[PDB]
């Protein structure tokens, strides 16, 4: 999250750190806890990764401190079968991580609340993006969980802003976010994370998929950050959870 601020402990209780083992375990993507043995993430995060080289950490606020935290390795995961199917960029970028052990839903640890239906597109809602992804052009990752208020734009606005970008295909299963100042947005490591929107309590209405990056590997907040529309996968989520 670029341009963000410091999140508070137990502020996004369903927020998870999904680590990848590359010799040593390090944060890879974000995720949200659906239940005691379930987590919601992006397909591109687990794509090509053996489940044994993946695990999640619950109740974390500062990466350097795993105190009163809970870690569960991932037994396996389910990637959307139509992932990548079509023209829309990173189509059906959604997956379920199946934990090898149960996580106790503590005080700072709670399951995510999804939308009730697909009746609302949330355009115009000021939501919050959270995560341990890049905060700038460097490769470092923040220690303390970051968060940022950004509003959801309409899909017509999202498609229109991507018209000048080659390879950017927007559709209705995408939910976009854009800062009018062009200062805050998602970046690498935020992927798989939640888009927290107030909707009769904070609900996870999106999963971080992709952002626009310069030819220098930097994330561009003047372009929308694209999330996977969770209200459009409620049935799939329910069958594979």
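Residue numbers count along the first chain shown, from 1.
The mean Cα B-factor in the deposited entry runs higher for 162 to 170 than for the other of 113 to 121 and 162 to 170. Stretches compared: 81 to 89, 130 to 138. Higher mean C-alpha B-factor in the entry: 81 to 89.
Ranking 15, 225, 22, 19 by Cα temperature factor from the entry places 22 first. Across 196, 36, 208, 213, the greatest Cα temperature factor reported in the deposited entry is at 213. Annotation for residue 41: C-alpha temperature factor in the lowest third relative to the rest of the modelled chain, per the entry. Per the PDB record, residue ranking by Cα B-factor puts residue 67 in the highest third of the chain. The entry lists a Cα temperature factor for residue 7 that places it in the middle third of the chain's modelled residues. Per-chain ranking of the deposited C-alpha B factor places residue 149 in the middle third. Looking at the C-alpha B-factors along this chain, the one for residue 178 belongs to the lowest third.
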